[PDB]
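Read the structure below first, then the notes.
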Amino acid sequence: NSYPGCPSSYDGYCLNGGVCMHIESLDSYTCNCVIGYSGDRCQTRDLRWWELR
């Protein structure tokens, strides 16, 4: 089940926000994109539109 989890890294692999997880798998470690942007890692950022702080 979806649950936070990522090696010491994943501390800034994604520019935009990002919710670190491990996904039910022998590996897989990433940060879920956000509301307003997506792609490889929300790189396709629809600019300031949502959360400022």
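For the structure tokens, the naming scheme is as follows: chains receive sequential letters (A, B, ...) according to their order of presentation, residues are indexed from 1 within each chain, and ligands are indexed from 1 in presentation order.
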(request) Find the residues around residue 16 in chain A up to 8 Å (only C-alpha atoms counted), leave out those fewer than 3 positions away in its own chain, and share them as a list in words. (result) residues 33, 41, 42, 43 and 45 of chain A
Limited to C-alpha atoms, could you put the picked residues into a file as a short mmCIF file (atom, residue, chain, number, x, y, z; two decimals), in the first residue's frame?
```
data_model
loop_
_atom_site.label_atom_id
_atom_site.label_comp_id
_atom_site.auth_asym_id
_atom_site.auth_seq_id
_atom_site.Cartn_x
_atom_site.Cartn_y
_atom_site.Cartn_z
CA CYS A 33 4.30 14.88 -8.56
CA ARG A 41 8.67 15.20 -12.24
CA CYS A 42 6.28 18.10 -12.80
CA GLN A 43 9.11 19.65 -14.74
CA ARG A 45 5.34 23.10 -14.09
#
```
(request) Fewer than 3 positions away in the same chain doesn't count, so skip those; otherwise give me all residues within 12 Å of residue 28 in chain A, counting only C-alpha atoms, as number ranges by chain. (result) A: 2, 4-7, 10, 20-25, 31-32
(request) List every residue of chain A that DSSP, applied to the backbone of this structure, places in strand (DSSP E), and write the result as number ranges by chain. (result) A: 19-21, 30-32, 37-38, 44-45
(request) Name the closest residue to residue 17 in chain A among the candidates A:1, A:40, A:48, A:34; distances are taken between atoms, counting only C-alpha atoms. (result)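 Checking each candidate against residue 17 in chain A, we get A:34 as the closest.
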(request) In Å, rounded to a single decimal, give me how far CA of residue 53 in chain A is from CA of residue 39 in chain A. (result)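 CA of residue 53 in chain A lies 22.2 Å from CA of residue 39 in chain A.
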(request) Please measure the separation of CA of residue 52 in chain A and CA of residue 13 in chain A, giving the value in Å to one decimal. (result)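 CA of residue 13 in chain A lies at a distance of 19.8 Å from CA of residue 52 in chain A.
In terms of minimum interatomic distance to residue 3 in chain A, A:19 ranks closest within A:47, A:35, A:19, A:26, counting only C-alpha atoms.
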